[PDB]
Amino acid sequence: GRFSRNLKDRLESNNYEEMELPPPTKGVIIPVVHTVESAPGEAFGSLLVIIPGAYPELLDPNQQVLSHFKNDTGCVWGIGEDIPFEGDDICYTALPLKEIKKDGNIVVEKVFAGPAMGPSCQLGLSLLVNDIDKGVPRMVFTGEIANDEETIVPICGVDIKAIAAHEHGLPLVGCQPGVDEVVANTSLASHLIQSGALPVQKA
């Protein structure tokens, strides 16, 4: 689709039961694209945050769907397709992220929609089970993961996702034109997480 602020306000007006939670042990932020049948050609993005633990009861019942990592190696609630690589034996919940407060608290909310579909979450999840140990990287990841499990693969809707990242004052991270910061593989992505941001040359 293409960005609709009209679509955004209507759908989001329908979000309910927003909650301020404690900072998760760790977590990872990724973008999603909303559409509806009766708004052809319109889209808007928002953010998920994926946290350790199974909290289906925090999701709208229409997202209470459980997907697994490859070979029974963990699960994610709120995601609608299985993950084609291994997890870290944990179960996560992907929650609609309204706000990430200055004290670290996250404000989530319930969203009238289906679970997150498609492959663009992979970069985030791969980084979450492999490369993140403490905290939530203050950046937004999008990208498919290749069969080598290191090469990042271009995805769809990058303009929409950038916009949703930016609404939160966060950079979009991926492998393709449209992203604010560019990583071709999970190594560089991981070095970026350690740095907390793109390394600077204030020279």
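All residue numbers are counted from 1 along the displayed sequence.
Asks: For the stretches 77-85 and 109-117, which has the higher mean C-alpha B-factor as given in the deposited record?
Replies: For C-alpha atoms only, the mean B-factor is higher in 77-85.
Asks: I need to verify one thing: averaged over C-alpha atoms only, is the B-factor higher for 63-71 or for 39-47?
Replies: Per the deposited B-factors, the answer is 63-71.
Asks: At the C-alpha atoms, which of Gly53, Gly27, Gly157, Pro31 reaches the highest B-factor in this entry?
Replies: Each of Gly53, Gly27, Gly157, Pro31 was compared by C-alpha B-factor; the highest is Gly157.
Asks: Quick one: classify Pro171 as lowest, middle or highest third of the chain based on its Cα B-factor.
Replies: Lowest third - that is where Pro171 ends up once the chain's C-alpha B-factors are sorted.
Asks: State the tercile, meaning the lowest, middle or highest third, of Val136 with respect to the CA B-factors recorded for its chain.
Replies: Ranked within chain, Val136 CA B lands in the lowest tercile.
Asks: Ranking every modelled residue in this chain by its Cα temperature factor as given in the entry, which third contains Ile152?
Replies: According to the entry, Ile152 has a C-alpha B-factor in the chain's middle third.
Asks: Is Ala197 in the lowest, middle or highest third of its chain when residues are ranked by C-alpha B-factor?
Replies: For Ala197, the deposited C-alpha B-factor lands in the lowest third.
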